[PDB]
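Visitor: Supplied structure: model.cif, mmCIF, N, CA and C atoms.
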```cif
data_final
#
loop_
_atom_site.label_atom_id
_atom_site.label_comp_id
_atom_site.auth_asym_id
_atom_site.auth_seq_id
_atom_site.Cartn_x
_atom_site.Cartn_y
_atom_site.Cartn_z
N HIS A 1 1.26 38.36 -10.14
CA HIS A 1 1.63 37.00 -9.77
C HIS A 1 0.41 36.08 -9.74
N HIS A 2 0.29 35.20 -10.74
CA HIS A 2 -0.77 34.20 -10.76
C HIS A 2 -0.46 33.13 -9.73
N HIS A 3 -1.46 32.76 -8.92
CA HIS A 3 -1.14 31.97 -7.74
C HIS A 3 -1.52 30.50 -7.80
N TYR A 4 -2.44 30.10 -8.67
CA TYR A 4 -2.83 28.69 -8.80
C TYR A 4 -3.33 28.13 -7.46
N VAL A 5 -4.15 28.93 -6.77
CA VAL A 5 -4.63 28.54 -5.44
C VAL A 5 -5.40 27.24 -5.50
N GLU A 6 -6.31 27.11 -6.47
CA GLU A 6 -7.15 25.92 -6.49
C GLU A 6 -6.34 24.68 -6.83
N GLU A 7 -5.36 24.82 -7.72
CA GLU A 7 -4.48 23.70 -8.04
C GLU A 7 -3.62 23.31 -6.83
N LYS A 8 -3.11 24.29 -6.09
CA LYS A 8 -2.34 23.98 -4.89
C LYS A 8 -3.19 23.29 -3.84
N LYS A 9 -4.47 23.67 -3.72
CA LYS A 9 -5.35 22.97 -2.79
C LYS A 9 -5.58 21.53 -3.21
N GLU A 10 -5.70 21.29 -4.52
CA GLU A 10 -5.84 19.92 -5.01
C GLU A 10 -4.66 19.07 -4.60
N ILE A 11 -3.45 19.59 -4.80
CA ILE A 11 -2.24 18.86 -4.45
C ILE A 11 -2.20 18.61 -2.95
N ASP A 12 -2.50 19.65 -2.14
CA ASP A 12 -2.44 19.52 -0.69
C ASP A 12 -3.35 18.40 -0.19
N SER A 13 -4.59 18.39 -0.67
CA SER A 13 -5.56 17.40 -0.22
C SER A 13 -5.08 15.99 -0.55
N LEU A 14 -4.60 15.78 -1.77
CA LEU A 14 -4.08 14.47 -2.14
C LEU A 14 -2.84 14.12 -1.32
N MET A 15 -1.99 15.12 -1.03
CA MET A 15 -0.81 14.88 -0.21
C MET A 15 -1.21 14.38 1.19
N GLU A 16 -2.22 15.01 1.80
CA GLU A 16 -2.63 14.59 3.14
C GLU A 16 -3.15 13.16 3.13
N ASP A 17 -3.88 12.78 2.08
CA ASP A 17 -4.35 11.40 1.95
C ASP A 17 -3.18 10.44 1.76
N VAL A 18 -2.20 10.80 0.92
CA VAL A 18 -1.04 9.95 0.68
C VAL A 18 -0.23 9.77 1.96
N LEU A 19 -0.10 10.83 2.76
CA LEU A 19 0.66 10.74 3.99
C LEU A 19 -0.01 9.84 5.03
N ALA A 20 -1.31 9.57 4.88
CA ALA A 20 -2.04 8.68 5.78
C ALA A 20 -2.00 7.21 5.36
N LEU A 21 -1.42 6.92 4.20
CA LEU A 21 -1.20 5.54 3.79
C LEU A 21 -0.34 4.83 4.82
N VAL A 22 -0.69 3.57 5.13
CA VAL A 22 0.09 2.74 6.02
C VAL A 22 0.21 1.36 5.41
N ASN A 23 0.96 0.47 6.07
CA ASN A 23 1.25 -0.82 5.46
C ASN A 23 0.05 -1.76 5.45
N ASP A 24 -1.00 -1.49 6.21
CA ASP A 24 -2.21 -2.29 6.04
C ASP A 24 -3.29 -1.57 5.23
N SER A 25 -2.95 -0.44 4.60
CA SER A 25 -3.87 0.16 3.63
C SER A 25 -4.03 -0.75 2.43
N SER A 26 -5.25 -0.85 1.91
CA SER A 26 -5.50 -1.76 0.80
C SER A 26 -4.72 -1.34 -0.44
N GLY A 27 -4.38 -2.33 -1.27
CA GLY A 27 -3.73 -2.03 -2.53
C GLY A 27 -4.54 -1.10 -3.41
N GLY A 28 -5.87 -1.24 -3.39
CA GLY A 28 -6.72 -0.35 -4.17
C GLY A 28 -6.56 1.11 -3.80
N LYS A 29 -6.30 1.40 -2.52
CA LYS A 29 -6.06 2.79 -2.12
C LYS A 29 -4.77 3.32 -2.71
N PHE A 30 -3.73 2.48 -2.78
CA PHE A 30 -2.48 2.90 -3.40
C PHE A 30 -2.68 3.21 -4.88
N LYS A 31 -3.32 2.29 -5.61
CA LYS A 31 -3.49 2.52 -7.04
C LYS A 31 -4.39 3.71 -7.30
N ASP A 32 -5.38 3.94 -6.44
CA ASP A 32 -6.26 5.09 -6.62
C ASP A 32 -5.48 6.40 -6.46
N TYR A 33 -4.65 6.50 -5.42
CA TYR A 33 -3.85 7.71 -5.24
C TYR A 33 -2.80 7.85 -6.34
N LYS A 34 -2.20 6.74 -6.77
CA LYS A 34 -1.24 6.82 -7.87
C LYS A 34 -1.91 7.36 -9.13
N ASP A 35 -3.13 6.91 -9.41
CA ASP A 35 -3.83 7.38 -10.61
C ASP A 35 -4.14 8.87 -10.50
N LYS A 36 -4.61 9.31 -9.33
CA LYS A 36 -4.87 10.74 -9.13
C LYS A 36 -3.59 11.56 -9.21
N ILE A 37 -2.47 11.02 -8.72
CA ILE A 37 -1.22 11.75 -8.83
C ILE A 37 -0.82 11.90 -10.29
N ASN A 38 -0.94 10.82 -11.08
CA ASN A 38 -0.58 10.88 -12.49
C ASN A 38 -1.47 11.85 -13.26
N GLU A 39 -2.75 11.89 -12.93
CA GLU A 39 -3.64 12.79 -13.65
C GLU A 39 -3.32 14.25 -13.33
N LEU A 40 -2.95 14.54 -12.08
CA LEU A 40 -2.52 15.90 -11.72
C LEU A 40 -1.24 16.29 -12.43
N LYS A 41 -0.23 15.41 -12.41
CA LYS A 41 1.02 15.69 -13.10
C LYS A 41 0.78 16.01 -14.57
N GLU A 42 -0.16 15.29 -15.20
CA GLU A 42 -0.48 15.55 -16.60
C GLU A 42 -1.20 16.88 -16.76
N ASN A 43 -2.17 17.17 -15.90
CA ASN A 43 -2.97 18.37 -16.11
C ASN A 43 -2.26 19.65 -15.69
N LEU A 44 -1.22 19.56 -14.87
CA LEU A 44 -0.47 20.74 -14.44
C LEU A 44 0.88 20.87 -15.12
N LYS A 45 1.12 20.10 -16.18
CA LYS A 45 2.45 20.01 -16.78
C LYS A 45 2.93 21.35 -17.36
N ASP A 46 2.02 22.22 -17.78
CA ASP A 46 2.40 23.47 -18.45
C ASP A 46 2.52 24.66 -17.50
N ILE A 47 2.40 24.44 -16.20
CA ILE A 47 2.42 25.52 -15.22
C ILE A 47 3.84 25.64 -14.67
N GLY A 48 4.45 26.80 -14.86
CA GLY A 48 5.80 27.03 -14.39
C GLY A 48 5.93 27.52 -12.97
N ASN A 49 4.83 27.63 -12.22
CA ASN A 49 4.90 28.12 -10.85
C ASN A 49 5.83 27.23 -10.04
N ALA A 50 6.95 27.80 -9.59
CA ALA A 50 7.97 26.99 -8.91
C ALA A 50 7.40 26.29 -7.69
N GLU A 51 6.56 26.99 -6.91
CA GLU A 51 5.98 26.39 -5.72
C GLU A 51 5.07 25.24 -6.08
N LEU A 52 4.28 25.40 -7.15
CA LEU A 52 3.39 24.33 -7.57
C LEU A 52 4.17 23.11 -8.03
N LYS A 53 5.23 23.32 -8.83
CA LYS A 53 6.04 22.19 -9.29
C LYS A 53 6.70 21.48 -8.12
N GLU A 54 7.21 22.23 -7.14
CA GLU A 54 7.81 21.60 -5.97
C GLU A 54 6.78 20.79 -5.19
N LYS A 55 5.56 21.33 -5.06
CA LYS A 55 4.51 20.59 -4.34
C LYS A 55 4.18 19.28 -5.04
N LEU A 56 4.11 19.30 -6.37
CA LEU A 56 3.86 18.07 -7.12
C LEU A 56 5.00 17.08 -6.96
N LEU A 57 6.24 17.56 -6.97
CA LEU A 57 7.38 16.67 -6.74
C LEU A 57 7.34 16.06 -5.35
N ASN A 58 7.04 16.88 -4.33
CA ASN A 58 6.89 16.33 -2.99
C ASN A 58 5.79 15.28 -2.93
N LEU A 59 4.68 15.52 -3.63
CA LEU A 59 3.58 14.55 -3.64
C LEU A 59 4.01 13.22 -4.25
N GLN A 60 4.71 13.25 -5.38
CA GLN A 60 5.19 11.99 -5.95
C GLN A 60 6.21 11.32 -5.03
N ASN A 61 7.15 12.10 -4.46
CA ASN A 61 8.17 11.50 -3.60
C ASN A 61 7.53 10.80 -2.41
N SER A 62 6.55 11.45 -1.77
CA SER A 62 5.91 10.84 -0.60
C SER A 62 5.16 9.58 -0.98
N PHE A 63 4.49 9.59 -2.13
CA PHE A 63 3.78 8.38 -2.55
C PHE A 63 4.76 7.24 -2.79
N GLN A 64 5.85 7.50 -3.52
CA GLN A 64 6.81 6.44 -3.77
C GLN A 64 7.38 5.88 -2.47
N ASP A 65 7.53 6.73 -1.45
CA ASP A 65 8.06 6.22 -0.18
C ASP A 65 7.02 5.39 0.56
N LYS A 66 5.75 5.79 0.50
CA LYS A 66 4.68 4.95 1.05
C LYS A 66 4.58 3.64 0.28
N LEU A 67 4.74 3.68 -1.04
CA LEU A 67 4.69 2.44 -1.81
C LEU A 67 5.86 1.51 -1.48
N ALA A 68 7.07 2.06 -1.39
CA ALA A 68 8.22 1.24 -1.02
C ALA A 68 8.01 0.56 0.34
N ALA A 69 7.46 1.28 1.31
CA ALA A 69 7.21 0.67 2.61
C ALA A 69 6.17 -0.44 2.52
N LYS A 70 5.09 -0.21 1.76
CA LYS A 70 4.04 -1.22 1.64
C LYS A 70 4.58 -2.49 0.99
N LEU A 71 5.30 -2.34 -0.13
CA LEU A 71 5.83 -3.51 -0.83
C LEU A 71 6.84 -4.26 0.02
N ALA A 72 7.67 -3.55 0.78
CA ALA A 72 8.64 -4.24 1.63
C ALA A 72 7.92 -4.99 2.75
N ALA A 73 6.89 -4.37 3.32
CA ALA A 73 6.12 -5.02 4.38
C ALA A 73 5.44 -6.28 3.86
N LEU A 74 4.92 -6.22 2.63
CA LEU A 74 4.26 -7.40 2.05
C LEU A 74 5.25 -8.55 1.87
N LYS A 75 6.39 -8.28 1.24
CA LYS A 75 7.39 -9.33 1.02
C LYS A 75 7.94 -9.86 2.35
N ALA A 76 8.04 -8.99 3.36
CA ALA A 76 8.49 -9.43 4.68
C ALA A 76 7.48 -10.39 5.31
N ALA A 77 6.20 -10.01 5.29
CA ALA A 77 5.16 -10.89 5.82
C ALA A 77 5.13 -12.22 5.06
N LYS A 78 5.30 -12.16 3.73
CA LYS A 78 5.30 -13.37 2.91
C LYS A 78 6.44 -14.29 3.32
N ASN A 79 7.64 -13.73 3.44
CA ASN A 79 8.81 -14.52 3.81
C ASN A 79 8.61 -15.18 5.17
N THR A 80 8.21 -14.38 6.17
CA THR A 80 7.96 -14.91 7.51
C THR A 80 6.95 -16.05 7.48
N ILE A 81 5.81 -15.84 6.82
CA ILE A 81 4.77 -16.88 6.79
C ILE A 81 5.31 -18.15 6.15
N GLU A 82 6.03 -18.01 5.04
CA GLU A 82 6.59 -19.18 4.37
C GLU A 82 7.54 -19.95 5.27
N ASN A 83 8.31 -19.25 6.10
CA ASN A 83 9.35 -19.88 6.90
C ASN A 83 8.87 -20.42 8.24
N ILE A 84 7.61 -20.23 8.60
CA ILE A 84 7.09 -20.87 9.81
C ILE A 84 7.13 -22.38 9.62
N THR A 85 7.63 -23.09 10.63
CA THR A 85 7.98 -24.51 10.48
C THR A 85 6.85 -25.46 10.85
N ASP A 86 6.46 -25.46 12.12
CA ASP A 86 5.39 -26.34 12.59
C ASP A 86 4.06 -25.61 12.44
N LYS A 87 3.63 -25.47 11.18
CA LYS A 87 2.55 -24.55 10.85
C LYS A 87 1.21 -24.97 11.44
N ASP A 88 1.04 -26.23 11.83
CA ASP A 88 -0.25 -26.61 12.39
C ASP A 88 -0.34 -26.37 13.89
N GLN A 89 0.74 -25.96 14.54
CA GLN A 89 0.64 -25.59 15.95
C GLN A 89 -0.25 -24.36 16.11
N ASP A 90 -1.00 -24.32 17.21
CA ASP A 90 -1.82 -23.16 17.54
C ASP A 90 -1.04 -21.87 17.39
N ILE A 91 0.18 -21.82 17.96
CA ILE A 91 0.97 -20.60 17.93
C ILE A 91 1.32 -20.21 16.49
N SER A 92 1.65 -21.20 15.66
CA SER A 92 1.99 -20.93 14.26
C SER A 92 0.79 -20.40 13.48
N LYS A 93 -0.40 -20.95 13.73
CA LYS A 93 -1.61 -20.48 13.05
C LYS A 93 -1.91 -19.03 13.39
N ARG A 94 -1.85 -18.67 14.67
CA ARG A 94 -2.08 -17.27 15.04
C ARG A 94 -1.02 -16.36 14.44
N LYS A 95 0.21 -16.87 14.31
CA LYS A 95 1.28 -16.09 13.70
C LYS A 95 0.99 -15.81 12.22
N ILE A 96 0.56 -16.83 11.47
CA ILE A 96 0.19 -16.62 10.06
C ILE A 96 -0.92 -15.59 9.97
N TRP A 97 -1.95 -15.75 10.80
CA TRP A 97 -3.07 -14.82 10.81
C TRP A 97 -2.62 -13.39 11.10
N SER A 98 -1.78 -13.21 12.12
CA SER A 98 -1.41 -11.86 12.52
C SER A 98 -0.45 -11.22 11.53
N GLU A 99 0.46 -12.01 10.94
CA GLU A 99 1.38 -11.46 9.93
C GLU A 99 0.61 -10.98 8.71
N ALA A 100 -0.39 -11.75 8.28
CA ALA A 100 -1.22 -11.31 7.17
C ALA A 100 -1.99 -10.06 7.55
N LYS A 101 -2.57 -10.04 8.76
CA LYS A 101 -3.39 -8.91 9.18
C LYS A 101 -2.57 -7.62 9.20
N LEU A 102 -1.30 -7.70 9.62
CA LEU A 102 -0.44 -6.52 9.65
C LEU A 102 -0.24 -5.88 8.28
N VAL A 103 -0.36 -6.63 7.19
CA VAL A 103 -0.21 -6.04 5.87
C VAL A 103 -1.55 -5.96 5.13
N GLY A 104 -2.65 -5.93 5.87
CA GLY A 104 -3.96 -5.72 5.29
C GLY A 104 -4.60 -6.91 4.61
N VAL A 105 -4.16 -8.13 4.93
CA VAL A 105 -4.65 -9.35 4.31
C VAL A 105 -5.38 -10.16 5.39
N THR A 106 -6.64 -10.49 5.12
CA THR A 106 -7.49 -11.24 6.05
C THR A 106 -7.51 -12.70 5.64
N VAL A 107 -6.96 -13.57 6.48
CA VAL A 107 -7.11 -15.01 6.26
C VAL A 107 -7.93 -15.57 7.42
N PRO A 108 -8.73 -16.62 7.19
CA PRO A 108 -9.43 -17.23 8.31
C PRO A 108 -8.45 -17.97 9.20
N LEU A 109 -8.63 -17.81 10.51
CA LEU A 109 -7.91 -18.62 11.49
C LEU A 109 -8.59 -19.98 11.53
N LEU A 110 -7.95 -21.00 10.95
CA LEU A 110 -8.53 -22.34 10.94
C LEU A 110 -8.06 -23.08 12.18
N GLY A 111 -8.76 -22.82 13.29
CA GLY A 111 -8.33 -23.26 14.61
C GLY A 111 -8.50 -24.73 14.92
N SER A 112 -9.32 -25.45 14.16
CA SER A 112 -9.52 -26.86 14.50
C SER A 112 -8.27 -27.67 14.17
N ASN A 113 -8.27 -28.92 14.63
CA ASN A 113 -7.12 -29.81 14.46
C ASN A 113 -7.04 -30.48 13.09
N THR A 114 -7.96 -30.19 12.17
CA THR A 114 -7.91 -30.79 10.84
C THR A 114 -6.49 -30.73 10.29
N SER A 115 -5.94 -31.90 9.97
CA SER A 115 -4.53 -31.99 9.59
C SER A 115 -4.26 -31.12 8.37
N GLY A 116 -3.23 -30.29 8.45
CA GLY A 116 -2.88 -29.41 7.35
C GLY A 116 -3.55 -28.05 7.36
N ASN A 117 -4.23 -27.68 8.44
CA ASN A 117 -4.85 -26.36 8.50
C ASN A 117 -3.80 -25.25 8.48
N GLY A 118 -2.59 -25.53 8.97
CA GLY A 118 -1.56 -24.50 8.98
C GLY A 118 -0.99 -24.24 7.60
N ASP A 119 -0.55 -25.31 6.91
CA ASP A 119 -0.07 -25.17 5.54
C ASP A 119 -1.15 -24.59 4.64
N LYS A 120 -2.42 -24.84 4.95
CA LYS A 120 -3.50 -24.28 4.16
C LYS A 120 -3.67 -22.79 4.42
N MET A 121 -3.61 -22.38 5.69
CA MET A 121 -3.59 -20.95 6.00
C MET A 121 -2.38 -20.27 5.36
N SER A 122 -1.21 -20.90 5.46
CA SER A 122 -0.01 -20.35 4.84
C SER A 122 -0.23 -20.12 3.34
N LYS A 123 -0.73 -21.15 2.64
CA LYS A 123 -0.94 -21.04 1.20
C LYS A 123 -1.91 -19.91 0.86
N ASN A 124 -3.01 -19.80 1.60
CA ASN A 124 -3.98 -18.74 1.34
C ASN A 124 -3.34 -17.37 1.53
N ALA A 125 -2.62 -17.19 2.65
CA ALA A 125 -2.00 -15.90 2.94
C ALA A 125 -1.00 -15.51 1.86
N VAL A 126 -0.17 -16.46 1.41
CA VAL A 126 0.84 -16.12 0.41
C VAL A 126 0.18 -15.81 -0.93
N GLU A 127 -0.90 -16.51 -1.27
CA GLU A 127 -1.57 -16.25 -2.54
C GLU A 127 -2.19 -14.86 -2.55
N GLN A 128 -2.77 -14.44 -1.42
CA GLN A 128 -3.33 -13.09 -1.34
C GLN A 128 -2.24 -12.02 -1.35
N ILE A 129 -1.15 -12.25 -0.61
CA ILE A 129 -0.06 -11.28 -0.58
C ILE A 129 0.55 -11.12 -1.97
N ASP A 130 0.67 -12.23 -2.71
CA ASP A 130 1.22 -12.18 -4.06
C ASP A 130 0.34 -11.36 -4.98
N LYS A 131 -0.99 -11.51 -4.86
CA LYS A 131 -1.88 -10.73 -5.73
C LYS A 131 -1.77 -9.24 -5.42
N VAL A 132 -1.62 -8.87 -4.14
CA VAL A 132 -1.44 -7.45 -3.81
C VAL A 132 -0.12 -6.93 -4.37
N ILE A 133 0.96 -7.71 -4.23
CA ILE A 133 2.24 -7.28 -4.78
C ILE A 133 2.14 -7.11 -6.29
N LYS A 134 1.52 -8.08 -6.96
CA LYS A 134 1.35 -7.99 -8.41
C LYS A 134 0.51 -6.78 -8.79
N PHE A 135 -0.58 -6.55 -8.06
CA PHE A 135 -1.43 -5.39 -8.32
C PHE A 135 -0.64 -4.09 -8.19
N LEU A 136 0.14 -3.96 -7.11
CA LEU A 136 0.87 -2.72 -6.85
C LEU A 136 2.03 -2.51 -7.81
N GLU A 137 2.60 -3.57 -8.37
CA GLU A 137 3.73 -3.39 -9.27
C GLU A 137 3.31 -3.23 -10.73
N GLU A 138 2.01 -3.31 -11.02
CA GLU A 138 1.50 -3.03 -12.37
C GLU A 138 1.85 -1.61 -12.80
#
```
Take the structure in the file and write it out as structure tokens.

Guide:
Amino acid sequence: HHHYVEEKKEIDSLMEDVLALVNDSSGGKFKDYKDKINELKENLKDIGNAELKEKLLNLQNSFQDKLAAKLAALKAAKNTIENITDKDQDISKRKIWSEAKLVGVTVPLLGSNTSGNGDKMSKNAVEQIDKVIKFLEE
């Protein structure tokens, strides 16, 4: 019985990293794990070890579930930020900041009274969230 121990360790290590993905993990971390998953699937394609194939399937399934959660969290934060009404209120500005922060997007809190600081924070947050969504859906 050939065991593919080193290949199974490769899958396990990547699985543990994928399971640590959260909704504020950077988009680059998602694409990096996706690329490593694809390269493993390609390099292990000819191995019929049932346990190894199941481990690879579990690894892809877990990644897709982490990706679905990240993309839903991004679109949710985007929708919320867009729908804030009195965006220049102190409370609205902190809300834009915190909603972006929850999905791994850093916007400056423009706390001064300069007219339009809220709509400007909103615009920045949505533009960054859109780039992450676009990056992840490539």

Visitor: Is it possible to get the residues within 8 Å of (0.5, -19.8, 2.0) (coordinates as in the file, counting all atoms listed in the file) written as a list in words?

Guide: residues 81, 82, 118, 119, 120, 121, 122, 123, 124, 125, 126, 127 and 128 of chain A

Visitor: Return as a PyMOL selection string the set of residues that the PyMOL selection byres ((chain A and resi 100-109) around 7) yields on the displayed structure.

Guide: chain A and resi 23-26+73-74+77+93-99+110-112+121+124-125+128-129

Visitor: Apply DSSP to the structure's backbone, then extract all residues of region 2-73 of chain A labelled helix (DSSP H, G or I) and return them as a PyMOL selection string.

Guide: chain A and resi 5-19+27-43+50-73

Visitor: For region 35-77 of chain A against region 17-21 of chain A, with a cut-off of 7 Å and counting all atoms listed in the file, what is the closest atom pair and its distance in Å to one decimal for every residue that makes the cut, ordered by chain and number, as a tab-separated table?

Guide:
```
residue	atom	partner	partner_atom	distance
A:62	C	A:18	C	6.1
A:63	CA	A:18	CA	6.0
A:66	CA	A:21	C	6.3
```

Visitor: Record the distance separating atom N of residue 76 (chain A) and CA of residue 116 (chain A), expressed in Å with one decimal.

Guide: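 Atom-to-atom, atom N of residue 76 (chain A) to CA of residue 116 (chain A), that is 23.5 Å.
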
Visitor: For residue 61 (chain A), which residue out of A:134, A:10, A:15, A:89 is the nearest one, using only C-alpha atoms?

Guide: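 Closest residue, counting only C-alpha atoms: A:15.
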
Visitor: Just how far from atom N of residue 71 (chain A) is CA of residue 43 (chain A), in Å to one decimal?

Guide: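 Between CA of residue 43 (chain A) and atom N of residue 71 (chain A) the gap works out to 27.4 Å.
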
Visitor: What does the structure give for the distance between atom C of residue 133 (chain A) and atom N of residue 69 (chain A), in Å to one decimal?

Guide: 12.5 Å
